[PDB]
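Let's start with one chain on its own, the form deposited in one PDB entry, as structure tokens.
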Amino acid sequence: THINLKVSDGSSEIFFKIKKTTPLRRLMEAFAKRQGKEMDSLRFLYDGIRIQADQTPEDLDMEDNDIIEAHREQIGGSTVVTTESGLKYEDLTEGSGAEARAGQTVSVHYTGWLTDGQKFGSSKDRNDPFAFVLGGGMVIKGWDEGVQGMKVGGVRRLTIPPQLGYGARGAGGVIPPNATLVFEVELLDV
């Protein structure tokens, strides 16, 4: 009557036990919400086929310990850029207006995760935007570099190697030495 399912996006892996007659909506919402996102930002595939919120394990002939693969889809497309430092960035949404430049004070919202999907931080927790002088050395190097060129309204995903993050030290009782960090940064003002 019930099966176990694993949902993975390549980083976060979440395990669920679900009645076979239960629609996949709750499971899908749960996975999305754990990344601080709305369900409609993701696409969930079973056996290469896209799952819809109203379908059940029964409708799809799912078995115990099956896997659902989760991906974000941007309708715009996906282009990930590697810079000379080894920083990677992907504009999920492009903003409007002038590009943020070195020396400007910027205000952003962000969420940060480890490569196992664990959230270590977010400005949305206290609903308090984060401000800093871009290129001023008051944030990790991945940020001083990666927020350059964003426009207001833009959402940019940064993949930050540890020499551009917290290096050998880690941070916050959460990020260990030599960790790669993933942030989604939204530029609010420049």
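Just count from 1 along the sequence shown to find any residue number.
If you look for the form deposited in another entry, you will not find it shown, but the lines that follow are about it.
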Location of the hinge, rigid-body rearrangement between this form and the one not shown, from 136, 111, 163, 74: 74
Pair residue 160/residue 34, Cα separation in the other entry versus the displayed form, closer or farther by 3 angstroms or more: farther
Residue 11 and residue 182, C-alpha gap in the other entry relative to this structure (3 Å or more): closer
